[PDB]
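K.L.:
To be precise about what I am sending: the file is called target-v8.txt and holds compact mmCIF, N, CA and C atoms.
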# COMPACT_ATOMS: atom_id res chain seq x y z
N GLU H 1 -10.41 -16.41 -4.57
CA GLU H 1 -9.02 -16.25 -4.03
C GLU H 1 -9.07 -15.25 -2.86
N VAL H 2 -8.85 -13.94 -3.08
CA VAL H 2 -8.53 -13.02 -1.95
C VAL H 2 -9.29 -11.69 -2.06
N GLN H 3 -9.76 -11.22 -0.90
CA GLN H 3 -10.36 -9.87 -0.71
C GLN H 3 -9.46 -9.09 0.25
N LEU H 4 -9.09 -7.87 -0.13
CA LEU H 4 -8.26 -6.96 0.69
C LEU H 4 -9.14 -5.82 1.19
N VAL H 5 -9.23 -5.66 2.51
CA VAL H 5 -10.03 -4.58 3.16
C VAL H 5 -9.08 -3.65 3.88
N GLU H 6 -9.04 -2.40 3.45
CA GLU H 6 -8.17 -1.36 4.04
C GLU H 6 -8.94 -0.55 5.07
N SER H 7 -8.22 -0.13 6.11
CA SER H 7 -8.73 0.82 7.12
C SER H 7 -7.55 1.65 7.63
N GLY H 8 -7.84 2.67 8.43
CA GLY H 8 -6.83 3.46 9.14
C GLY H 8 -6.60 4.81 8.50
N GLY H 9 -7.28 5.11 7.39
CA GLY H 9 -7.21 6.43 6.75
C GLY H 9 -7.79 7.49 7.65
N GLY H 10 -7.58 8.76 7.31
CA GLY H 10 -8.19 9.86 8.07
C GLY H 10 -7.65 11.21 7.69
N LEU H 11 -8.08 12.19 8.46
CA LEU H 11 -7.70 13.61 8.33
C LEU H 11 -6.73 13.89 9.47
N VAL H 12 -5.54 14.40 9.16
CA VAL H 12 -4.50 14.73 10.17
C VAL H 12 -3.86 16.07 9.80
N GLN H 13 -3.37 16.78 10.81
CA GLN H 13 -2.55 18.00 10.62
C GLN H 13 -1.19 17.59 10.08
N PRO H 14 -0.48 18.50 9.38
CA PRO H 14 0.92 18.29 9.03
C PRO H 14 1.72 17.88 10.26
N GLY H 15 2.59 16.87 10.10
CA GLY H 15 3.41 16.30 11.18
C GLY H 15 2.72 15.12 11.84
N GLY H 16 1.43 14.91 11.56
CA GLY H 16 0.61 13.84 12.16
C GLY H 16 1.01 12.46 11.68
N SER H 17 0.41 11.43 12.28
CA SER H 17 0.69 10.00 11.96
C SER H 17 -0.63 9.27 11.71
N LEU H 18 -0.59 8.25 10.85
CA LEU H 18 -1.69 7.28 10.65
C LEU H 18 -1.05 5.90 10.48
N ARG H 19 -1.79 4.85 10.83
CA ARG H 19 -1.41 3.45 10.54
C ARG H 19 -2.48 2.84 9.65
N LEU H 20 -2.12 2.54 8.41
CA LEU H 20 -3.04 1.84 7.48
C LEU H 20 -2.92 0.34 7.72
N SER H 21 -4.05 -0.34 7.59
CA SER H 21 -4.21 -1.81 7.69
C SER H 21 -4.79 -2.30 6.37
N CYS H 22 -4.32 -3.46 5.93
CA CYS H 22 -4.82 -4.18 4.74
C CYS H 22 -5.01 -5.63 5.17
N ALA H 23 -6.24 -5.98 5.55
CA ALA H 23 -6.60 -7.33 6.04
C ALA H 23 -7.01 -8.16 4.83
N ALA H 24 -6.30 -9.27 4.60
CA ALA H 24 -6.54 -10.19 3.47
C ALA H 24 -7.45 -11.33 3.95
N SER H 25 -8.77 -11.15 3.71
CA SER H 25 -9.83 -12.18 3.80
C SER H 25 -9.67 -13.16 2.64
N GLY H 26 -9.00 -14.28 2.88
CA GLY H 26 -8.66 -15.22 1.80
C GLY H 26 -7.17 -15.21 1.52
N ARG H 27 -6.77 -15.88 0.45
CA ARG H 27 -5.37 -16.21 0.14
C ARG H 27 -5.26 -16.45 -1.36
N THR H 28 -4.10 -16.12 -1.94
CA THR H 28 -3.73 -16.48 -3.33
C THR H 28 -2.27 -16.95 -3.34
N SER H 29 0.96 -14.92 -5.35
CA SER H 29 1.43 -13.51 -5.32
C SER H 29 2.94 -13.45 -5.08
N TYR H 30 3.59 -12.40 -5.57
CA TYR H 30 5.06 -12.22 -5.56
C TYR H 30 5.43 -11.32 -4.38
N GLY H 31 4.43 -10.71 -3.78
CA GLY H 31 4.68 -9.62 -2.84
C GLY H 31 3.52 -8.65 -2.79
N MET H 32 3.74 -7.64 -2.00
CA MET H 32 2.68 -6.80 -1.45
C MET H 32 3.24 -5.38 -1.51
N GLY H 33 2.39 -4.46 -1.93
CA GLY H 33 2.74 -3.05 -2.00
C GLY H 33 1.65 -2.16 -1.47
N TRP H 34 2.06 -1.00 -1.00
CA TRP H 34 1.20 0.16 -0.75
C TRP H 34 1.44 1.15 -1.88
N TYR H 35 0.35 1.59 -2.48
CA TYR H 35 0.33 2.58 -3.56
C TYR H 35 -0.53 3.75 -3.10
N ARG H 36 -0.32 4.90 -3.72
CA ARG H 36 -1.21 6.06 -3.49
C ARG H 36 -1.48 6.77 -4.81
N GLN H 37 -2.68 7.33 -4.90
CA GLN H 37 -3.13 8.11 -6.07
C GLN H 37 -3.81 9.38 -5.58
N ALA H 38 -3.21 10.51 -5.90
CA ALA H 38 -3.76 11.87 -5.70
C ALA H 38 -4.50 12.26 -6.97
N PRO H 39 -5.49 13.18 -6.90
CA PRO H 39 -6.22 13.60 -8.09
C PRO H 39 -5.25 14.09 -9.18
N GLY H 40 -5.45 13.62 -10.42
CA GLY H 40 -4.69 14.05 -11.60
C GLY H 40 -3.36 13.33 -11.73
N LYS H 41 -3.01 12.50 -10.75
CA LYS H 41 -1.68 11.86 -10.71
C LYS H 41 -1.85 10.35 -10.83
N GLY H 42 -0.76 9.67 -11.10
CA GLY H 42 -0.76 8.21 -11.28
C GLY H 42 -0.71 7.51 -9.95
N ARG H 43 -0.78 6.19 -10.00
CA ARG H 43 -0.79 5.36 -8.78
C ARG H 43 0.64 4.94 -8.47
N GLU H 44 1.26 5.69 -7.58
CA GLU H 44 2.69 5.60 -7.20
C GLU H 44 2.87 4.45 -6.20
N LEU H 45 3.85 3.57 -6.45
CA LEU H 45 4.25 2.56 -5.44
C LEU H 45 5.04 3.29 -4.36
N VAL H 46 4.59 3.26 -3.10
CA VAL H 46 5.32 4.01 -2.04
C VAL H 46 6.05 3.06 -1.10
N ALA H 47 5.61 1.82 -0.96
CA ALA H 47 6.30 0.85 -0.07
C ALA H 47 6.00 -0.56 -0.56
N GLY H 48 7.03 -1.40 -0.60
CA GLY H 48 6.89 -2.79 -1.05
C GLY H 48 7.59 -3.74 -0.11
N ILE H 49 7.08 -4.96 0.00
CA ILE H 49 7.69 -5.99 0.87
C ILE H 49 7.60 -7.36 0.19
N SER H 50 8.67 -8.14 0.30
CA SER H 50 8.75 -9.58 -0.06
C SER H 50 7.99 -10.44 0.95
N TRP H 51 7.83 -11.73 0.66
CA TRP H 51 7.23 -12.74 1.60
C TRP H 51 8.10 -12.87 2.86
N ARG H 52 9.43 -13.02 2.72
CA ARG H 52 10.34 -13.28 3.87
C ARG H 52 10.38 -12.03 4.76
N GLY H 53 10.11 -10.85 4.18
CA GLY H 53 9.84 -9.61 4.93
C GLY H 53 11.10 -8.79 5.17
N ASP H 54 12.24 -9.26 4.66
CA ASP H 54 13.56 -8.58 4.79
C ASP H 54 13.93 -7.90 3.47
N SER H 55 13.06 -7.93 2.45
CA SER H 55 13.16 -7.02 1.28
C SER H 55 12.05 -5.99 1.38
N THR H 56 12.37 -4.79 1.85
CA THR H 56 11.43 -3.65 1.89
C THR H 56 12.00 -2.52 1.04
N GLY H 57 11.15 -1.92 0.22
CA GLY H 57 11.48 -0.75 -0.58
C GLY H 57 10.53 0.38 -0.28
N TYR H 58 11.00 1.61 -0.43
CA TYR H 58 10.24 2.85 -0.17
C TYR H 58 10.52 3.85 -1.29
N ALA H 59 9.49 4.58 -1.71
CA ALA H 59 9.64 5.75 -2.59
C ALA H 59 10.55 6.76 -1.90
N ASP H 60 11.37 7.47 -2.67
CA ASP H 60 12.34 8.47 -2.16
C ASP H 60 11.64 9.42 -1.20
N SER H 61 10.44 9.88 -1.54
CA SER H 61 9.75 10.97 -0.81
C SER H 61 9.24 10.49 0.56
N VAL H 62 9.20 9.18 0.84
CA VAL H 62 8.62 8.66 2.11
C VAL H 62 9.70 7.95 2.95
N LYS H 63 10.93 7.86 2.45
CA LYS H 63 12.03 7.19 3.19
C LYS H 63 12.18 7.86 4.56
N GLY H 64 12.22 7.05 5.62
CA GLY H 64 12.42 7.51 7.01
C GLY H 64 11.12 7.92 7.68
N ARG H 65 10.01 8.01 6.94
CA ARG H 65 8.70 8.46 7.47
C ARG H 65 7.70 7.31 7.46
N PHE H 66 7.73 6.46 6.43
CA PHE H 66 6.80 5.32 6.27
C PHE H 66 7.52 4.01 6.56
N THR H 67 6.80 3.06 7.14
CA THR H 67 7.29 1.70 7.44
C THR H 67 6.22 0.69 7.05
N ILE H 68 6.58 -0.24 6.16
CA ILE H 68 5.70 -1.34 5.72
C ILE H 68 6.06 -2.55 6.57
N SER H 69 5.05 -3.30 7.00
CA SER H 69 5.25 -4.56 7.75
C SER H 69 4.07 -5.49 7.49
N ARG H 70 4.25 -6.76 7.84
CA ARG H 70 3.21 -7.80 7.67
C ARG H 70 3.12 -8.60 8.97
N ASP H 71 1.90 -8.88 9.41
CA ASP H 71 1.59 -9.89 10.45
C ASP H 71 1.09 -11.14 9.74
N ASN H 72 1.98 -12.14 9.60
CA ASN H 72 1.71 -13.49 9.02
C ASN H 72 0.40 -14.06 9.58
N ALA H 73 0.29 -14.09 10.91
CA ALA H 73 -0.78 -14.78 11.67
C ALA H 73 -2.13 -14.13 11.38
N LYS H 74 -2.16 -12.80 11.22
CA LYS H 74 -3.40 -12.00 11.01
C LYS H 74 -3.63 -11.78 9.52
N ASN H 75 -2.75 -12.29 8.65
CA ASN H 75 -2.79 -12.08 7.18
C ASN H 75 -3.00 -10.58 6.90
N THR H 76 -2.30 -9.70 7.62
CA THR H 76 -2.53 -8.24 7.55
C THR H 76 -1.21 -7.53 7.23
N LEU H 77 -1.30 -6.62 6.26
CA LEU H 77 -0.21 -5.70 5.83
C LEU H 77 -0.47 -4.35 6.49
N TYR H 78 0.58 -3.68 6.94
CA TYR H 78 0.48 -2.37 7.63
C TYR H 78 1.38 -1.35 6.94
N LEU H 79 0.94 -0.10 6.98
CA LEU H 79 1.80 1.04 6.63
C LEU H 79 1.73 2.04 7.77
N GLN H 80 2.83 2.20 8.48
CA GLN H 80 2.96 3.25 9.51
C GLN H 80 3.44 4.51 8.79
N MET H 81 2.65 5.58 8.87
CA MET H 81 2.92 6.86 8.17
C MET H 81 3.15 7.94 9.22
N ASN H 82 4.40 8.41 9.37
CA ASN H 82 4.78 9.46 10.35
C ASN H 82 5.15 10.74 9.60
N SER H 83 5.15 11.88 10.30
CA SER H 83 5.64 13.18 9.78
C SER H 83 4.92 13.48 8.47
N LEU H 84 3.60 13.30 8.46
CA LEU H 84 2.80 13.43 7.23
C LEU H 84 2.80 14.89 6.76
N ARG H 85 2.83 15.05 5.44
CA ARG H 85 2.93 16.34 4.73
C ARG H 85 1.69 16.51 3.88
N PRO H 86 1.28 17.76 3.56
CA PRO H 86 0.17 17.99 2.64
C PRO H 86 0.32 17.17 1.35
N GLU H 87 1.54 17.02 0.84
CA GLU H 87 1.81 16.33 -0.46
C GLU H 87 1.63 14.81 -0.29
N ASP H 88 1.38 14.31 0.93
CA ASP H 88 1.06 12.87 1.17
C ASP H 88 -0.44 12.63 0.99
N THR H 89 -1.23 13.69 0.79
CA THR H 89 -2.69 13.58 0.59
C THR H 89 -2.95 12.74 -0.66
N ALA H 90 -3.73 11.69 -0.52
CA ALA H 90 -4.00 10.71 -1.59
C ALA H 90 -4.97 9.66 -1.09
N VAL H 91 -5.49 8.88 -2.03
CA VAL H 91 -6.13 7.59 -1.69
C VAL H 91 -5.02 6.53 -1.68
N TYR H 92 -4.94 5.75 -0.60
CA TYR H 92 -3.88 4.73 -0.39
C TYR H 92 -4.49 3.35 -0.62
N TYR H 93 -3.81 2.54 -1.42
CA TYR H 93 -4.26 1.19 -1.82
C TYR H 93 -3.19 0.18 -1.44
N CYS H 94 -3.62 -0.98 -0.96
CA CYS H 94 -2.74 -2.15 -0.86
C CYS H 94 -3.02 -3.04 -2.07
N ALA H 95 -1.99 -3.70 -2.55
CA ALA H 95 -2.10 -4.65 -3.67
C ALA H 95 -1.23 -5.86 -3.38
N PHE H 96 -1.75 -7.04 -3.68
CA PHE H 96 -0.97 -8.29 -3.79
C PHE H 96 -0.67 -8.49 -5.27
N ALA H 97 0.61 -8.56 -5.61
CA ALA H 97 1.09 -8.54 -7.00
C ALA H 97 1.24 -9.97 -7.50
N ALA H 98 0.49 -10.33 -8.52
CA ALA H 98 0.65 -11.62 -9.21
C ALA H 98 1.00 -11.30 -10.66
N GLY H 99 1.20 -12.33 -11.47
CA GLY H 99 1.56 -12.17 -12.88
C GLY H 99 0.52 -12.83 -13.75
N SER H 100 0.37 -12.35 -14.97
CA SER H 100 -0.52 -12.98 -15.96
C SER H 100 0.01 -12.69 -17.37
N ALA H 101 -0.33 -13.55 -18.32
CA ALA H 101 0.17 -13.52 -19.70
C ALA H 101 -0.64 -12.52 -20.52
N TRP H 102 0.03 -11.80 -21.42
CA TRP H 102 -0.65 -10.90 -22.38
C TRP H 102 0.16 -10.84 -23.67
N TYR H 103 -0.29 -11.56 -24.70
CA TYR H 103 0.28 -11.44 -26.06
C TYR H 103 1.81 -11.62 -26.02
N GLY H 104 2.29 -12.57 -25.22
CA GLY H 104 3.71 -12.96 -25.18
C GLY H 104 4.47 -12.34 -24.02
N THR H 105 3.88 -11.36 -23.34
CA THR H 105 4.52 -10.65 -22.21
C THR H 105 3.81 -11.00 -20.91
N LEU H 106 4.38 -10.57 -19.79
CA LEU H 106 3.79 -10.68 -18.44
C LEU H 106 3.33 -9.28 -18.05
N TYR H 107 2.14 -9.17 -17.47
CA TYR H 107 1.71 -7.94 -16.79
C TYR H 107 1.45 -8.29 -15.33
N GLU H 108 1.49 -7.26 -14.49
CA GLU H 108 1.19 -7.39 -13.05
C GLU H 108 -0.33 -7.47 -12.90
N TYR H 109 -0.76 -8.63 -12.45
CA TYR H 109 -2.14 -9.01 -12.12
C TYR H 109 -2.30 -8.77 -10.62
N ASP H 110 -2.87 -7.63 -10.24
CA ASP H 110 -2.95 -7.19 -8.82
C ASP H 110 -4.31 -7.54 -8.21
N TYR H 111 -4.28 -7.99 -6.97
CA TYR H 111 -5.45 -8.01 -6.06
C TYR H 111 -5.42 -6.68 -5.30
N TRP H 112 -6.37 -5.79 -5.57
CA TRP H 112 -6.41 -4.40 -5.04
C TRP H 112 -7.39 -4.31 -3.89
N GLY H 113 -6.97 -3.63 -2.82
CA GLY H 113 -7.88 -3.09 -1.80
C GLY H 113 -8.74 -1.97 -2.37
N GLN H 114 -9.74 -1.54 -1.62
CA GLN H 114 -10.76 -0.57 -2.08
C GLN H 114 -10.22 0.85 -1.99
N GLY H 115 -9.14 1.06 -1.23
CA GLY H 115 -8.56 2.40 -1.04
C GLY H 115 -9.05 3.02 0.26
N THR H 116 -8.21 3.84 0.88
CA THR H 116 -8.51 4.59 2.12
C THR H 116 -7.94 5.99 1.92
N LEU H 117 -8.78 7.01 2.12
CA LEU H 117 -8.41 8.41 1.87
C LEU H 117 -7.58 8.91 3.05
N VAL H 118 -6.46 9.54 2.73
CA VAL H 118 -5.59 10.26 3.69
C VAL H 118 -5.54 11.72 3.26
N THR H 119 -6.00 12.61 4.13
CA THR H 119 -5.95 14.08 3.91
C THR H 119 -5.09 14.70 5.00
N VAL H 120 -4.05 15.40 4.59
CA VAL H 120 -3.11 16.10 5.50
C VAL H 120 -3.34 17.58 5.26
N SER H 121 -3.99 18.26 6.19
CA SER H 121 -4.37 19.68 6.00
C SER H 121 -4.38 20.42 7.34
N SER H 122 -4.06 21.71 7.28
CA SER H 122 -4.11 22.67 8.41
C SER H 122 -5.54 22.76 8.97
N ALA H 123 -6.53 22.42 8.14
CA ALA H 123 -7.97 22.40 8.51
C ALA H 123 -8.27 21.31 9.55
N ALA H 124 -7.47 20.23 9.61
CA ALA H 124 -7.75 19.02 10.42
C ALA H 124 -8.11 19.41 11.87
Take the structure I supplied and represent it as structure tokens, if you would.
P.N.:
Amino acid sequence: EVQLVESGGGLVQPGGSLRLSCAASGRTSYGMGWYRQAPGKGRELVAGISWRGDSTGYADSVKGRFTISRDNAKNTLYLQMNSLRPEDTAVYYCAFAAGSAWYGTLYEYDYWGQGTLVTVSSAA
């Protein structure tokens, strides 16, 4: 089915910007999300988009700073990250969300990218 390759991570000063890319080599899904996981913390959904692209959601903490978009033709998902804060430091993952059966229930069967590290530090 599908391989997701992420790029665009890096080290930036507070207030800096990065653009993450999630290139889907192949095809399979209900939608597409960007997630992030900092050490000791869970994998937070920070931005989500529908197929038609007019349903976008954002975590409260990234509203007005992050923008999710898709290029149909390039099969590529993007996250534009502006006004980055130390607390945005995490590994960022793209996922294509599918469904699968488990003992009478549905669970989210995700196609996961490998992750791209974002570090926001005065050291940058």
K.L.:
Counting all atoms listed in the file, which residue out of H:88, H:15, H:22, H:39 sits closest to residue 113 in chain H?
P.N.:
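The answer is H:22, which sits nearest to residue 113 in chain H.
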K.L.:
Within 7 Å of (-2.9, -8.1, 4.6), in the coordinates the file gives, what residues turn up when you count only N, CA and C atoms, written out as a PyMOL selection string?
P.N.:
chain H and resi 4+21-25+70-71+74-78
K.L.:
Keeping only N, CA and C atoms, write the selected residues as a CSV table (one decimal), in the coordinates of the input.
P.N.:
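See selection.csv below for the written result:
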chain,number,residue,atom,x,y,z
H,4,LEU,N,-9.1,-7.9,-0.1
H,4,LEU,CA,-8.3,-7.0,0.7
H,4,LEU,C,-9.1,-5.8,1.2
H,21,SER,N,-4.0,-0.3,7.6
H,21,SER,CA,-4.2,-1.8,7.7
H,21,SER,C,-4.8,-2.3,6.4
H,22,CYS,N,-4.3,-3.5,5.9
H,22,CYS,CA,-4.8,-4.2,4.7
H,22,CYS,C,-5.0,-5.6,5.2
H,23,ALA,N,-6.2,-6.0,5.6
H,23,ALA,CA,-6.6,-7.3,6.0
H,23,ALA,C,-7.0,-8.2,4.8
H,24,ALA,N,-6.3,-9.3,4.6
H,24,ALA,CA,-6.5,-10.2,3.5
H,24,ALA,C,-7.4,-11.3,4.0
H,25,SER,N,-8.8,-11.2,3.7
H,25,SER,CA,-9.8,-12.2,3.8
H,25,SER,C,-9.7,-13.2,2.6
H,70,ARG,N,4.2,-6.8,7.8
H,70,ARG,CA,3.2,-7.8,7.7
H,70,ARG,C,3.1,-8.6,9.0
H,71,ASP,N,1.9,-8.9,9.4
H,71,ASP,CA,1.6,-9.9,10.4
H,71,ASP,C,1.1,-11.1,9.7
H,74,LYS,N,-2.2,-12.8,11.2
H,74,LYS,CA,-3.4,-12.0,11.0
H,74,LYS,C,-3.6,-11.8,9.5
H,75,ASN,N,-2.8,-12.3,8.6
H,75,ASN,CA,-2.8,-12.1,7.2
H,75,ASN,C,-3.0,-10.6,6.9
H,76,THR,N,-2.3,-9.7,7.6
H,76,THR,CA,-2.5,-8.2,7.6
H,76,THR,C,-1.2,-7.5,7.2
H,77,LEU,N,-1.3,-6.6,6.3
H,77,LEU,CA,-0.2,-5.7,5.8
H,77,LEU,C,-0.5,-4.4,6.5
H,78,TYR,N,0.6,-3.7,6.9
H,78,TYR,CA,0.5,-2.4,7.6
H,78,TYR,C,1.4,-1.4,6.9
K.L.:
Please provide as an NGL selection string all residues within 6 Å of residue 34 in chain H, with the sequence filter that same-chain residues fewer than 6 positions apart are discarded (counting all atoms listed in the file).
P.N.:
:H and (44-48 or 93-95)
K.L.:
Keeping only N, CA and C atoms, write the selected residues to a file as a short mmCIF file (atom, residue, chain, number, x, y, z; two decimals), keeping the file's coordinate frame.
P.N.:
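Final output, out.cif:
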data_model
loop_
_atom_site.label_atom_id
_atom_site.label_comp_id
_atom_site.auth_asym_id
_atom_site.auth_seq_id
_atom_site.Cartn_x
_atom_site.Cartn_y
_atom_site.Cartn_z
N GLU H 44 1.26 5.69 -7.58
CA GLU H 44 2.69 5.60 -7.20
C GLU H 44 2.87 4.45 -6.20
N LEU H 45 3.85 3.57 -6.45
CA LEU H 45 4.25 2.56 -5.44
C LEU H 45 5.04 3.29 -4.36
N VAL H 46 4.59 3.26 -3.10
CA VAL H 46 5.32 4.01 -2.04
C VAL H 46 6.05 3.06 -1.10
N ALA H 47 5.61 1.82 -0.96
CA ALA H 47 6.30 0.85 -0.07
C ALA H 47 6.00 -0.56 -0.56
N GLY H 48 7.03 -1.40 -0.60
CA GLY H 48 6.89 -2.79 -1.05
C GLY H 48 7.59 -3.74 -0.11
N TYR H 93 -3.81 2.54 -1.42
CA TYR H 93 -4.26 1.19 -1.82
C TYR H 93 -3.19 0.18 -1.44
N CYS H 94 -3.62 -0.98 -0.96
CA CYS H 94 -2.74 -2.15 -0.86
C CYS H 94 -3.02 -3.04 -2.07
N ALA H 95 -1.99 -3.70 -2.55
CA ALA H 95 -2.10 -4.65 -3.67
C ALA H 95 -1.23 -5.86 -3.38
#
K.L.:
Please provide the set of residues having any atom within 12 Å of range 102-110 of chain H, restricted to only C-alpha atoms, with same-chain residues fewer than 2 positions apart removed, written as JSON, numbers by chain.
P.N.:
{"H": [1, 2, 3, 4, 28, 29, 30, 31, 32, 33, 34, 35, 93, 94, 95, 96, 97, 98, 99, 100, 112, 113]}
K.L.:
Next, the residues of the selection above should be written as a PDB file, keeping the file's coordinate frame with N, CA and C atoms.
P.N.:
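As written to disk, part_23.pdb reads:
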ATOM      1  N   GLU H   1     -10.410 -16.410  -4.570  1.00  0.00           N
ATOM      2  CA  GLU H   1      -9.020 -16.250  -4.030  1.00  0.00           C
ATOM      3  C   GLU H   1      -9.070 -15.250  -2.860  1.00  0.00           C
ATOM      4  N   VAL H   2      -8.850 -13.940  -3.080  1.00  0.00           N
ATOM      5  CA  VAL H   2      -8.530 -13.020  -1.950  1.00  0.00           C
ATOM      6  C   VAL H   2      -9.290 -11.690  -2.060  1.00  0.00           C
ATOM      7  N   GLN H   3      -9.760 -11.220  -0.900  1.00  0.00           N
ATOM      8  CA  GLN H   3     -10.360  -9.870  -0.710  1.00  0.00           C
ATOM      9  C   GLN H   3      -9.460  -9.090   0.250  1.00  0.00           C
ATOM     10  N   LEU H   4      -9.090  -7.870  -0.130  1.00  0.00           N
ATOM     11  CA  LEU H   4      -8.260  -6.960   0.690  1.00  0.00           C
ATOM     12  C   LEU H   4      -9.140  -5.820   1.190  1.00  0.00           C
ATOM     13  N   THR H  28      -4.100 -16.120  -1.940  1.00  0.00           N
ATOM     14  CA  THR H  28      -3.730 -16.480  -3.330  1.00  0.00           C
ATOM     15  C   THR H  28      -2.270 -16.950  -3.340  1.00  0.00           C
ATOM     16  N   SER H  29       0.960 -14.920  -5.350  1.00  0.00           N
ATOM     17  CA  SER H  29       1.430 -13.510  -5.320  1.00  0.00           C
ATOM     18  C   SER H  29       2.940 -13.450  -5.080  1.00  0.00           C
ATOM     19  N   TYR H  30       3.590 -12.400  -5.570  1.00  0.00           N
ATOM     20  CA  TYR H  30       5.060 -12.220  -5.560  1.00  0.00           C
ATOM     21  C   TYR H  30       5.430 -11.320  -4.380  1.00  0.00           C
ATOM     22  N   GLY H  31       4.430 -10.710  -3.780  1.00  0.00           N
ATOM     23  CA  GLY H  31       4.680  -9.620  -2.840  1.00  0.00           C
ATOM     24  C   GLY H  31       3.520  -8.650  -2.790  1.00  0.00           C
ATOM     25  N   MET H  32       3.740  -7.640  -2.000  1.00  0.00           N
ATOM     26  CA  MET H  32       2.680  -6.800  -1.450  1.00  0.00           C
ATOM     27  C   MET H  32       3.240  -5.380  -1.510  1.00  0.00           C
ATOM     28  N   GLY H  33       2.390  -4.460  -1.930  1.00  0.00           N
ATOM     29  CA  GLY H  33       2.740  -3.050  -2.000  1.00  0.00           C
ATOM     30  C   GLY H  33       1.650  -2.160  -1.470  1.00  0.00           C
ATOM     31  N   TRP H  34       2.060  -1.000  -1.000  1.00  0.00           N
ATOM     32  CA  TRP H  34       1.200   0.160  -0.750  1.00  0.00           C
ATOM     33  C   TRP H  34       1.440   1.150  -1.880  1.00  0.00           C
ATOM     34  N   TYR H  35       0.350   1.590  -2.480  1.00  0.00           N
ATOM     35  CA  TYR H  35       0.330   2.580  -3.560  1.00  0.00           C
ATOM     36  C   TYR H  35      -0.530   3.750  -3.100  1.00  0.00           C
ATOM     37  N   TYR H  93      -3.810   2.540  -1.420  1.00  0.00           N
ATOM     38  CA  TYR H  93      -4.260   1.190  -1.820  1.00  0.00           C
ATOM     39  C   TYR H  93      -3.190   0.180  -1.440  1.00  0.00           C
ATOM     40  N   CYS H  94      -3.620  -0.980  -0.960  1.00  0.00           N
ATOM     41  CA  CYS H  94      -2.740  -2.150  -0.860  1.00  0.00           C
ATOM     42  C   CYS H  94      -3.020  -3.040  -2.070  1.00  0.00           C
ATOM     43  N   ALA H  95      -1.990  -3.700  -2.550  1.00  0.00           N
ATOM     44  CA  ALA H  95      -2.100  -4.650  -3.670  1.00  0.00           C
ATOM     45  C   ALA H  95      -1.230  -5.860  -3.380  1.00  0.00           C
ATOM     46  N   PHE H  96      -1.750  -7.040  -3.680  1.00  0.00           N
ATOM     47  CA  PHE H  96      -0.970  -8.290  -3.790  1.00  0.00           C
ATOM     48  C   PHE H  96      -0.670  -8.490  -5.270  1.00  0.00           C
ATOM     49  N   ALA H  97       0.610  -8.560  -5.610  1.00  0.00           N
ATOM     50  CA  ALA H  97       1.090  -8.540  -7.000  1.00  0.00           C
ATOM     51  C   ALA H  97       1.240  -9.970  -7.500  1.00  0.00           C
ATOM     52  N   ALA H  98       0.490 -10.330  -8.520  1.00  0.00           N
ATOM     53  CA  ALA H  98       0.650 -11.620  -9.210  1.00  0.00           C
ATOM     54  C   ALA H  98       1.000 -11.300 -10.660  1.00  0.00           C
ATOM     55  N   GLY H  99       1.200 -12.330 -11.470  1.00  0.00           N
ATOM     56  CA  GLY H  99       1.560 -12.170 -12.880  1.00  0.00           C
ATOM     57  C   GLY H  99       0.520 -12.830 -13.750  1.00  0.00           C
ATOM     58  N   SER H 100       0.370 -12.350 -14.970  1.00  0.00           N
ATOM     59  CA  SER H 100      -0.520 -12.980 -15.960  1.00  0.00           C
ATOM     60  C   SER H 100       0.010 -12.690 -17.370  1.00  0.00           C
ATOM     61  N   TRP H 112      -6.370  -5.790  -5.570  1.00  0.00           N
ATOM     62  CA  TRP H 112      -6.410  -4.400  -5.040  1.00  0.00           C
ATOM     63  C   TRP H 112      -7.390  -4.310  -3.890  1.00  0.00           C
ATOM     64  N   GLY H 113      -6.970  -3.630  -2.820  1.00  0.00           N
ATOM     65  CA  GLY H 113      -7.880  -3.090  -1.800  1.00  0.00           C
ATOM     66  C   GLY H 113      -8.740  -1.970  -2.370  1.00  0.00           C
TER      67      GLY H 113
END
K.L.:
Which is closest to residue 16 in chain H among H:118, H:84, H:68, H:91, if we use only C-alpha atoms?
P.N.:
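Ranked by minimum distance to residue 16 in chain H, first place goes to H:84.
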K.L.:
So that I can check the secondary structure, give me every residue of range 1-114 of chain H assigned helix (DSSP H, G or I) by backbone DSSP, as a list in words.
P.N.:
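The helix (DSSP H, G or I) residues within range 1-114 of chain H come out as residues 60, 61, 62, 86, 87 and 88 of chain H.
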K.L.:
Enumerate, as a PyMOL selection string, the complete set of residues in range 15-118 of chain H that a backbone-based DSSP assignment places in strand (DSSP E or B).
P.N.:
chain H and resi 18-26+31-37+44-49+56-58+66-71+76-81+90-102+105-112+116-118
K.L.:
As an exercise, work out the distance from CA of residue 116 in chain H to CA of residue 36 in chain H in Å and give it to one decimal place.
P.N.:
9.3 Å
K.L.:
How many Å separate atom N of residue 18 in chain H from atom N of residue 52 in chain H?
P.N.:
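Straight-line distance from atom N of residue 18 in chain H to atom N of residue 52 in chain H works out to 24.9 Å.
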K.L.:
Atom C of residue 62 in chain H to CA of residue 81 in chain H: how many Å, to one decimal?
P.N.:
8.6 Å
K.L.:
Show which residues sit within 7 Å of residue 12 in chain H, as JSON, numbers by chain. Count only C-alpha atoms, and ignore same-chain residues fewer than 2 positions away.
P.N.:
{"H": [10, 14, 16, 119, 120, 121, 124]}
K.L.:
Nearest to residue 49 in chain H: which of H:67, H:123, H:17, H:101 is it, counting only C-alpha atoms?
P.N.:
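Of all the options, H:67 lies closest to residue 49 in chain H.
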K.L.:
Between H:50, H:61, H:86, H:114, which residue has the minimum interatomic distance to residue 13 in chain H, considering only N, CA and C atoms?
P.N.:
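Under the stated criterion, the closest residue is H:86.
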K.L.:
Around range 81-92 of chain H, fit a box with edges along x, y and z, padding it by 5 Å on each side, then list its centre and edge lengths in Å to one decimal as AutoDock Vina command-line options.
P.N.:
--center_x -0.2 --center_y 10.7 --center_z 4.2 --size_x 21.8 --size_y 24.6 --size_z 22.4
K.L.:
With distances taken over only N, CA and C atoms, which residue among H:117, H:19, H:55, H:60 lies nearest residue 82 in chain H?
P.N.:
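Among H:117, H:19, H:55, H:60, it is H:19 that comes nearest to residue 82 in chain H.
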